[PDB]
$ cat protein.pdb   # PDB, C-alpha atoms
ATOM      1  CA  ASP V   1       0.000   0.000   0.000
ATOM      2  CA  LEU V   2       2.944   2.353   0.663
ATOM      3  CA  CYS V   3       5.636   2.764  -1.991
ATOM      4  CA  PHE V   4       9.103   4.301  -1.916
ATOM      5  CA  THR V   5      11.362   6.151  -4.343
ATOM      6  CA  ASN V   6      14.691   4.290  -4.540
ATOM      7  CA  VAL V   7      14.962   0.650  -3.447
ATOM      8  CA  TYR V   8      18.393  -0.808  -2.646
ATOM      9  CA  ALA V   9      18.775  -4.559  -2.106
ATOM     10  CA  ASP V  10      21.988  -6.019  -0.667
ATOM     11  CA  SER V  11      22.199  -9.717  -1.561
ATOM     12  CA  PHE V  12      24.620 -11.977   0.302
ATOM     13  CA  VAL V  13      24.968 -15.205   2.281
ATOM     14  CA  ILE V  14      26.170 -15.730   5.860
ATOM     15  CA  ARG V  15      26.351 -18.446   8.497
ATOM     16  CA  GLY V  16      23.251 -19.181  10.548
ATOM     17  CA  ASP V  17      24.423 -17.905  13.933
ATOM     18  CA  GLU V  18      25.734 -14.743  12.212
ATOM     19  CA  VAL V  19      22.252 -13.610  11.122
ATOM     20  CA  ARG V  20      21.109 -12.067  14.414
ATOM     21  CA  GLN V  21      24.117  -9.717  14.300
ATOM     22  CA  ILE V  22      22.691  -7.851  11.276
ATOM     23  CA  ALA V  23      20.245  -5.257  12.624
ATOM     24  CA  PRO V  24      20.286  -1.621  13.807
ATOM     25  CA  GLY V  25      22.391  -1.220  16.933
ATOM     26  CA  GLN V  26      23.620  -4.829  16.971
ATOM     27  CA  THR V  27      27.327  -5.637  17.222
ATOM     28  CA  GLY V  28      29.379  -8.720  16.469
ATOM     29  CA  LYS V  29      31.810 -10.333  14.075
ATOM     30  CA  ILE V  30      29.548  -9.158  11.227
ATOM     31  CA  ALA V  31      28.445  -5.660  12.230
ATOM     32  CA  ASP V  32      31.903  -4.801  13.582
ATOM     33  CA  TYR V  33      33.932  -6.130  10.617
ATOM     34  CA  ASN V  34      32.354  -6.723   7.179
ATOM     35  CA  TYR V  35      28.649  -5.784   6.883
ATOM     36  CA  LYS V  36      27.017  -3.242   9.201
ATOM     37  CA  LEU V  37      23.586  -1.614   9.173
ATOM     38  CA  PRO V  38      23.175   1.859  10.714
ATOM     39  CA  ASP V  39      21.358   2.372  13.996
ATOM     40  CA  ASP V  40      18.641   4.410  12.237
ATOM     41  CA  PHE V  41      18.312   1.810   9.457
ATOM     42  CA  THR V  42      14.805   1.578   7.989
ATOM     43  CA  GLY V  43      14.230  -1.532   5.901
ATOM     44  CA  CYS V  44      13.279  -5.193   5.802
ATOM     45  CA  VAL V  45      15.513  -8.187   6.537
ATOM     46  CA  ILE V  46      14.688 -11.416   4.689
ATOM     47  CA  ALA V  47      16.355 -14.802   5.116
ATOM     48  CA  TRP V  48      15.702 -18.382   4.030
ATOM     49  CA  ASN V  49      17.465 -21.740   4.114
TER
ATOM     50  CA  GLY Z   1      13.071   7.614  35.600
ATOM     51  CA  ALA Z   2      16.455   7.075  33.942
ATOM     52  CA  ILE Z   3      18.918   4.457  35.165
ATOM     53  CA  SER Z   4      21.421   7.136  36.199
ATOM     54  CA  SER Z   5      21.579  10.926  36.181
ATOM     55  CA  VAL Z   6      25.014  11.045  34.511
ATOM     56  CA  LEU Z   7      24.856  11.242  30.719
ATOM     57  CA  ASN Z   8      28.236   9.643  29.988
ATOM     58  CA  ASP Z   9      27.363   6.741  32.308
ATOM     59  CA  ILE Z  10      24.330   5.748  30.225
ATOM     60  CA  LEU Z  11      26.269   6.256  26.990
ATOM     61  CA  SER Z  12      29.184   4.185  28.327
ATOM     62  CA  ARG Z  13      26.938   1.233  29.292
ATOM     63  CA  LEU Z  14      23.810   0.778  27.162
ATOM     64  CA  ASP Z  15      23.951   0.276  23.411
ATOM     65  CA  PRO Z  16      23.238   3.260  21.129
ATOM     66  CA  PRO Z  17      19.571   2.320  20.609
ATOM     67  CA  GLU Z  18      19.091   1.465  24.295
ATOM     68  CA  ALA Z  19      20.859   4.589  25.571
ATOM     69  CA  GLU Z  20      18.627   6.962  23.587
ATOM     70  CA  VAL Z  21      15.653   5.529  25.498
ATOM     71  CA  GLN Z  22      17.242   6.421  28.840
ATOM     72  CA  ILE Z  23      18.740   9.728  27.670
ATOM     73  CA  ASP Z  24      15.288  10.859  26.513
ATOM     74  CA  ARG Z  25      13.989  10.446  30.069
ATOM     75  CA  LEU Z  26      16.698  12.789  31.364
ATOM     76  CA  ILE Z  27      16.065  15.321  28.589
ATOM     77  CA  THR Z  28      12.305  15.173  29.172
ATOM     78  CA  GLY Z  29      12.528  15.596  32.942
ATOM     79  CA  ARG Z  30      15.256  18.240  32.883
ATOM     80  CA  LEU Z  31      13.176  20.086  30.281
ATOM     81  CA  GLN Z  32      10.228  20.147  32.690
ATOM     82  CA  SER Z  33      12.525  21.551  35.383
ATOM     83  CA  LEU Z  34      13.300  24.586  33.220
ATOM     84  CA  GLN Z  35       9.602  25.069  32.450
ATOM     85  CA  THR Z  36       8.895  25.079  36.190
ATOM     86  CA  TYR Z  37      11.716  27.557  36.834
ATOM     87  CA  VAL Z  38      10.780  29.951  34.023
ATOM     88  CA  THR Z  39       7.098  29.722  34.972
ATOM     89  CA  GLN Z  40       7.857  30.774  38.552
ATOM     90  CA  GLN Z  41      10.231  33.558  37.493
ATOM     91  CA  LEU Z  42       7.578  35.057  35.207
ATOM     92  CA  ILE Z  43       4.997  34.972  38.007
ATOM     93  CA  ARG Z  44       7.383  36.397  40.610
ATOM     94  CA  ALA Z  45       8.437  39.063  38.099
ATOM     95  CA  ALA Z  46       4.808  40.211  37.998
ATOM     96  CA  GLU Z  47       4.885  40.722  41.770
ATOM     97  CA  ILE Z  48       8.068  42.796  41.499
ATOM     98  CA  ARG Z  49       6.781  44.913  38.602
TER
END
$ encode --input "protein.pdb" --output "C-alpha coordinates"
Amino acid sequence: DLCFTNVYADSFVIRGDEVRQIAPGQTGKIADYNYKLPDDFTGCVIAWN
Amino acid sequence: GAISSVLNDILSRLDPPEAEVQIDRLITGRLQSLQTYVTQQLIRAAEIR
(Lines of atoms letter the chains of each structure in order from A and count residues from 1; the text may use other names and numbers.)
(Lines give C-alpha, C1' and ligand atoms only; values in the text may rest on other atoms or scores of the structure.)
Protein backbone atom coordinates (compact mmCIF):
# COMPACT_ATOMS: atom_id res chain seq x y z
CA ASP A 1 0.00 0.00 0.00
CA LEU A 2 2.94 2.35 0.66
CA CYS A 3 5.64 2.76 -1.99
CA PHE A 4 9.10 4.30 -1.92
CA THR A 5 11.36 6.15 -4.34
CA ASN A 6 14.69 4.29 -4.54
CA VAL A 7 14.96 0.65 -3.45
CA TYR A 8 18.39 -0.81 -2.65
CA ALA A 9 18.78 -4.56 -2.11
CA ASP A 10 21.99 -6.02 -0.67
CA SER A 11 22.20 -9.72 -1.56
CA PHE A 12 24.62 -11.98 0.30
CA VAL A 13 24.97 -15.20 2.28
CA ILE A 14 26.17 -15.73 5.86
CA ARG A 15 26.35 -18.45 8.50
CA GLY A 16 23.25 -19.18 10.55
CA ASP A 17 24.42 -17.91 13.93
CA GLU A 18 25.73 -14.74 12.21
CA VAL A 19 22.25 -13.61 11.12
CA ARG A 20 21.11 -12.07 14.41
CA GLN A 21 24.12 -9.72 14.30
CA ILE A 22 22.69 -7.85 11.28
CA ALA A 23 20.25 -5.26 12.62
CA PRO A 24 20.29 -1.62 13.81
CA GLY A 25 22.39 -1.22 16.93
CA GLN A 26 23.62 -4.83 16.97
CA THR A 27 27.33 -5.64 17.22
CA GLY A 28 29.38 -8.72 16.47
CA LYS A 29 31.81 -10.33 14.08
CA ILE A 30 29.55 -9.16 11.23
CA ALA A 31 28.44 -5.66 12.23
CA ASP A 32 31.90 -4.80 13.58
CA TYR A 33 33.93 -6.13 10.62
CA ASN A 34 32.35 -6.72 7.18
CA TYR A 35 28.65 -5.78 6.88
CA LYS A 36 27.02 -3.24 9.20
CA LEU A 37 23.59 -1.61 9.17
CA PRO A 38 23.17 1.86 10.71
CA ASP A 39 21.36 2.37 14.00
CA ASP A 40 18.64 4.41 12.24
CA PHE A 41 18.31 1.81 9.46
CA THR A 42 14.81 1.58 7.99
CA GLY A 43 14.23 -1.53 5.90
CA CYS A 44 13.28 -5.19 5.80
CA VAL A 45 15.51 -8.19 6.54
CA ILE A 46 14.69 -11.42 4.69
CA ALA A 47 16.36 -14.80 5.12
CA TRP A 48 15.70 -18.38 4.03
CA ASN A 49 17.47 -21.74 4.11
CA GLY B 1 13.07 7.61 35.60
CA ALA B 2 16.46 7.07 33.94
CA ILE B 3 18.92 4.46 35.17
CA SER B 4 21.42 7.14 36.20
CA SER B 5 21.58 10.93 36.18
CA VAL B 6 25.01 11.05 34.51
CA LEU B 7 24.86 11.24 30.72
CA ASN B 8 28.24 9.64 29.99
CA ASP B 9 27.36 6.74 32.31
CA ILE B 10 24.33 5.75 30.22
CA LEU B 11 26.27 6.26 26.99
CA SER B 12 29.18 4.18 28.33
CA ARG B 13 26.94 1.23 29.29
CA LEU B 14 23.81 0.78 27.16
CA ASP B 15 23.95 0.28 23.41
CA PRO B 16 23.24 3.26 21.13
CA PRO B 17 19.57 2.32 20.61
CA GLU B 18 19.09 1.47 24.29
CA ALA B 19 20.86 4.59 25.57
CA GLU B 20 18.63 6.96 23.59
CA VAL B 21 15.65 5.53 25.50
CA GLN B 22 17.24 6.42 28.84
CA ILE B 23 18.74 9.73 27.67
CA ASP B 24 15.29 10.86 26.51
CA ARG B 25 13.99 10.45 30.07
CA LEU B 26 16.70 12.79 31.36
CA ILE B 27 16.06 15.32 28.59
CA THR B 28 12.30 15.17 29.17
CA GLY B 29 12.53 15.60 32.94
CA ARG B 30 15.26 18.24 32.88
CA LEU B 31 13.18 20.09 30.28
CA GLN B 32 10.23 20.15 32.69
CA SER B 33 12.53 21.55 35.38
CA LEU B 34 13.30 24.59 33.22
CA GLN B 35 9.60 25.07 32.45
CA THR B 36 8.89 25.08 36.19
CA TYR B 37 11.72 27.56 36.83
CA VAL B 38 10.78 29.95 34.02
CA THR B 39 7.10 29.72 34.97
CA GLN B 40 7.86 30.77 38.55
CA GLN B 41 10.23 33.56 37.49
CA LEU B 42 7.58 35.06 35.21
CA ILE B 43 5.00 34.97 38.01
CA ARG B 44 7.38 36.40 40.61
CA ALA B 45 8.44 39.06 38.10
CA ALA B 46 4.81 40.21 38.00
CA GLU B 47 4.89 40.72 41.77
CA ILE B 48 8.07 42.80 41.50
CA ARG B 49 6.78 44.91 38.60
$ interface_residues --input "protein.pdb" --of "chain Z" --to "chain V" --cutoff "8 Å" --atoms "all atoms listed in the file" --output "list in words"
residues 15, 16 and 17 of chain Z
$ atom_distance --input "protein.pdb" --atom1 "atom CA of residue 28 of chain V" --atom2 "atom CA of residue 21 of chain Z"
21.7 Å
$ atom_distance --input "protein.pdb" --atom1 "atom CA of residue 2 of chain V" --atom2 "atom CA of residue 19 of chain V"
27.1 Å
$ axis_aligned_box --input "protein.pdb" --around "segment 19-34 of chain V" --padding-each-side "5 Å" --output "AutoDock Vina command-line options"
--center_x 27.1 --center_y -7.4 --center_z 12.2 --size_x 23.7 --size_y 22.4 --size_z 20.0
$ closest_residue --input "protein.pdb" --among "V:20, V:13, V:8, V:1" --to "residue 42 of chain V" --atoms "all atoms listed in the file"
V:8
$ atom_distance --input "protein.pdb" --atom1 "atom CA of residue 12 of chain Z" --atom2 "atom CA of residue 31 of chain Z"
22.6 Å
$ residues_around --input "protein.pdb" --residues "residue 1 of chain Z" --least-positions-apart "4" --cutoff "12 Å" --atoms "all atoms listed in the file" --output "PyMOL selection string"
chain Z and resi 5+21-30
$ residues_around --input "protein.pdb" --residues "residue 29 of chain V" --least-positions-apart "6" --cutoff "12 Å" --atoms "all atoms listed in the file" --output "ChimeraX atom specification"
/V:14-15,17-22,35-36
$ resolve_selection --input "protein.pdb" --expression "the PyMOL selection byres ((chain V and resi 10) around 12)" --output "JSON, numbers by chain"
{"V": [7, 8, 9, 11, 12, 13, 35, 36, 37, 43, 44, 45, 46, 47]}
$ decode --input "protein.pdb" --residues "segment 6-36 of chain Z" --atoms "N, CA, C and O atoms" --output "PDB file, in the first residue's frame"
ATOM      1  N   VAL Z   6      23.851  10.661  35.304  1.00  0.00           N
ATOM      2  CA  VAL Z   6      25.014  11.045  34.511  1.00  0.00           C
ATOM      3  C   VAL Z   6      24.783  10.624  33.066  1.00  0.00           C
ATOM      4  O   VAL Z   6      24.358   9.496  32.794  1.00  0.00           O
ATOM      5  N   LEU Z   7      25.067  11.535  32.133  1.00  0.00           N
ATOM      6  CA  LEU Z   7      24.856  11.242  30.719  1.00  0.00           C
ATOM      7  C   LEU Z   7      25.894  10.253  30.203  1.00  0.00           C
ATOM      8  O   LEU Z   7      25.550   9.250  29.568  1.00  0.00           O
ATOM      9  N   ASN Z   8      27.175  10.522  30.466  1.00  0.00           N
ATOM     10  CA  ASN Z   8      28.236   9.643  29.988  1.00  0.00           C
ATOM     11  C   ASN Z   8      28.113   8.231  30.546  1.00  0.00           C
ATOM     12  O   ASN Z   8      28.542   7.279  29.886  1.00  0.00           O
ATOM     13  N   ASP Z   9      27.539   8.073  31.740  1.00  0.00           N
ATOM     14  CA  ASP Z   9      27.363   6.741  32.308  1.00  0.00           C
ATOM     15  C   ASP Z   9      26.424   5.904  31.448  1.00  0.00           C
ATOM     16  O   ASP Z   9      26.728   4.750  31.120  1.00  0.00           O
ATOM     17  N   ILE Z  10      25.275   6.469  31.073  1.00  0.00           N
ATOM     18  CA  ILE Z  10      24.330   5.748  30.225  1.00  0.00           C
ATOM     19  C   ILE Z  10      24.957   5.455  28.868  1.00  0.00           C
ATOM     20  O   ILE Z  10      24.824   4.351  28.327  1.00  0.00           O
ATOM     21  N   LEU Z  11      25.650   6.443  28.298  1.00  0.00           N
ATOM     22  CA  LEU Z  11      26.269   6.256  26.990  1.00  0.00           C
ATOM     23  C   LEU Z  11      27.387   5.225  27.041  1.00  0.00           C
ATOM     24  O   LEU Z  11      27.637   4.531  26.048  1.00  0.00           O
ATOM     25  N   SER Z  12      28.066   5.106  28.179  1.00  0.00           N
ATOM     26  CA  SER Z  12      29.184   4.185  28.327  1.00  0.00           C
ATOM     27  C   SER Z  12      28.750   2.780  28.726  1.00  0.00           C
ATOM     28  O   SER Z  12      29.610   1.905  28.877  1.00  0.00           O
ATOM     29  N   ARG Z  13      27.450   2.540  28.900  1.00  0.00           N
ATOM     30  CA  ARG Z  13      26.938   1.233  29.292  1.00  0.00           C
ATOM     31  C   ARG Z  13      25.976   0.665  28.257  1.00  0.00           C
ATOM     32  O   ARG Z  13      26.284  -0.338  27.607  1.00  0.00           O
ATOM     33  N   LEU Z  14      24.810   1.283  28.089  1.00  0.00           N
ATOM     34  CA  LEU Z  14      23.810   0.778  27.162  1.00  0.00           C
ATOM     35  C   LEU Z  14      24.262   0.960  25.719  1.00  0.00           C
ATOM     36  O   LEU Z  14      25.121   1.791  25.411  1.00  0.00           O
ATOM     37  N   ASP Z  15      23.671   0.160  24.831  1.00  0.00           N
ATOM     38  CA  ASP Z  15      23.951   0.276  23.411  1.00  0.00           C
ATOM     39  C   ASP Z  15      23.329   1.561  22.866  1.00  0.00           C
ATOM     40  O   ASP Z  15      22.475   2.173  23.515  1.00  0.00           O
ATOM     41  N   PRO Z  16      23.744   1.994  21.678  1.00  0.00           N
ATOM     42  CA  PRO Z  16      23.238   3.260  21.129  1.00  0.00           C
ATOM     43  C   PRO Z  16      21.721   3.306  21.111  1.00  0.00           C
ATOM     44  O   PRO Z  16      21.128   4.300  21.558  1.00  0.00           O
ATOM     45  N   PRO Z  17      21.042   2.261  20.620  1.00  0.00           N
ATOM     46  CA  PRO Z  17      19.571   2.320  20.609  1.00  0.00           C
ATOM     47  C   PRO Z  17      18.958   2.231  21.995  1.00  0.00           C
ATOM     48  O   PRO Z  17      17.870   2.781  22.212  1.00  0.00           O
ATOM     49  N   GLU Z  18      19.617   1.556  22.938  1.00  0.00           N
ATOM     50  CA  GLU Z  18      19.091   1.465  24.295  1.00  0.00           C
ATOM     51  C   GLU Z  18      19.368   2.738  25.084  1.00  0.00           C
ATOM     52  O   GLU Z  18      18.537   3.162  25.895  1.00  0.00           O
ATOM     53  N   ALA Z  19      20.529   3.358  24.861  1.00  0.00           N
ATOM     54  CA  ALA Z  19      20.859   4.589  25.571  1.00  0.00           C
ATOM     55  C   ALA Z  19      19.868   5.700  25.253  1.00  0.00           C
ATOM     56  O   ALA Z  19      19.381   6.375  26.167  1.00  0.00           O
ATOM     57  N   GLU Z  20      19.552   5.900  23.970  1.00  0.00           N
ATOM     58  CA  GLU Z  20      18.627   6.962  23.587  1.00  0.00           C
ATOM     59  C   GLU Z  20      17.326   6.885  24.376  1.00  0.00           C
ATOM     60  O   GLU Z  20      16.732   7.923  24.692  1.00  0.00           O
ATOM     61  N   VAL Z  21      16.869   5.677  24.704  1.00  0.00           N
ATOM     62  CA  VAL Z  21      15.653   5.529  25.498  1.00  0.00           C
ATOM     63  C   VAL Z  21      15.844   6.152  26.876  1.00  0.00           C
ATOM     64  O   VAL Z  21      14.970   6.868  27.378  1.00  0.00           O
ATOM     65  N   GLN Z  22      16.990   5.889  27.506  1.00  0.00           N
ATOM     66  CA  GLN Z  22      17.242   6.421  28.840  1.00  0.00           C
ATOM     67  C   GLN Z  22      17.610   7.899  28.795  1.00  0.00           C
ATOM     68  O   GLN Z  22      17.205   8.663  29.678  1.00  0.00           O
ATOM     69  N   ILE Z  23      18.372   8.320  27.783  1.00  0.00           N
ATOM     70  CA  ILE Z  23      18.740   9.728  27.670  1.00  0.00           C
ATOM     71  C   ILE Z  23      17.503  10.591  27.463  1.00  0.00           C
ATOM     72  O   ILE Z  23      17.436  11.721  27.964  1.00  0.00           O
ATOM     73  N   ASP Z  24      16.508  10.088  26.729  1.00  0.00           N
ATOM     74  CA  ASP Z  24      15.288  10.859  26.513  1.00  0.00           C
ATOM     75  C   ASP Z  24      14.569  11.147  27.823  1.00  0.00           C
ATOM     76  O   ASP Z  24      13.965  12.214  27.976  1.00  0.00           O
ATOM     77  N   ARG Z  25      14.620  10.214  28.775  1.00  0.00           N
ATOM     78  CA  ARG Z  25      13.989  10.446  30.069  1.00  0.00           C
ATOM     79  C   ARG Z  25      14.660  11.599  30.806  1.00  0.00           C
ATOM     80  O   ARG Z  25      13.982  12.419  31.436  1.00  0.00           O
ATOM     81  N   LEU Z  26      15.990  11.677  30.739  1.00  0.00           N
ATOM     82  CA  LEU Z  26      16.698  12.789  31.364  1.00  0.00           C
ATOM     83  C   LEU Z  26      16.377  14.104  30.666  1.00  0.00           C
ATOM     84  O   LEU Z  26      16.134  15.122  31.325  1.00  0.00           O
ATOM     85  N   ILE Z  27      16.371  14.103  29.332  1.00  0.00           N
ATOM     86  CA  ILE Z  27      16.065  15.321  28.589  1.00  0.00           C
ATOM     87  C   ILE Z  27      14.639  15.771  28.876  1.00  0.00           C
ATOM     88  O   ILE Z  27      14.374  16.965  29.062  1.00  0.00           O
ATOM     89  N   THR Z  28      13.699  14.824  28.915  1.00  0.00           N
ATOM     90  CA  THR Z  28      12.305  15.173  29.172  1.00  0.00           C
ATOM     91  C   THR Z  28      12.134  15.767  30.564  1.00  0.00           C
ATOM     92  O   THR Z  28      11.519  16.827  30.725  1.00  0.00           O
ATOM     93  N   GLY Z  29      12.672  15.097  31.584  1.00  0.00           N
ATOM     94  CA  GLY Z  29      12.528  15.596  32.942  1.00  0.00           C
ATOM     95  C   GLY Z  29      13.245  16.914  33.159  1.00  0.00           C
ATOM     96  O   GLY Z  29      12.664  17.866  33.689  1.00  0.00           O
ATOM     97  N   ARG Z  30      14.516  16.989  32.760  1.00  0.00           N
ATOM     98  CA  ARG Z  30      15.256  18.240  32.883  1.00  0.00           C
ATOM     99  C   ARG Z  30      14.564  19.371  32.135  1.00  0.00           C
ATOM    100  O   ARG Z  30      14.609  20.524  32.579  1.00  0.00           O
ATOM    101  N   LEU Z  31      13.925  19.066  31.006  1.00  0.00           N
ATOM    102  CA  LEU Z  31      13.176  20.086  30.281  1.00  0.00           C
ATOM    103  C   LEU Z  31      12.017  20.610  31.119  1.00  0.00           C
ATOM    104  O   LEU Z  31      11.742  21.815  31.130  1.00  0.00           O
ATOM    105  N   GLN Z  32      11.325  19.717  31.830  1.00  0.00           N
ATOM    106  CA  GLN Z  32      10.228  20.147  32.690  1.00  0.00           C
ATOM    107  C   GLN Z  32      10.737  21.012  33.836  1.00  0.00           C
ATOM    108  O   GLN Z  32      10.036  21.918  34.299  1.00  0.00           O
ATOM    109  N   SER Z  33      11.956  20.743  34.310  1.00  0.00           N
ATOM    110  CA  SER Z  33      12.525  21.551  35.383  1.00  0.00           C
ATOM    111  C   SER Z  33      12.686  23.002  34.950  1.00  0.00           C
ATOM    112  O   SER Z  33      12.364  23.924  35.708  1.00  0.00           O
ATOM    113  N   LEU Z  34      13.184  23.225  33.732  1.00  0.00           N
ATOM    114  CA  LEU Z  34      13.300  24.586  33.220  1.00  0.00           C
ATOM    115  C   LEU Z  34      11.933  25.246  33.096  1.00  0.00           C
ATOM    116  O   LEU Z  34      11.764  26.411  33.471  1.00  0.00           O
ATOM    117  N   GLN Z  35      10.947  24.517  32.568  1.00  0.00           N
ATOM    118  CA  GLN Z  35       9.602  25.069  32.450  1.00  0.00           C
ATOM    119  C   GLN Z  35       9.067  25.502  33.809  1.00  0.00           C
ATOM    120  O   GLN Z  35       8.426  26.552  33.928  1.00  0.00           O
ATOM    121  N   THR Z  36       9.321  24.703  34.847  1.00  0.00           N
ATOM    122  CA  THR Z  36       8.895  25.079  36.190  1.00  0.00           C
ATOM    123  C   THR Z  36       9.630  26.325  36.668  1.00  0.00           C
ATOM    124  O   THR Z  36       9.023  27.225  37.260  1.00  0.00           O
TER     125      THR Z  36
END
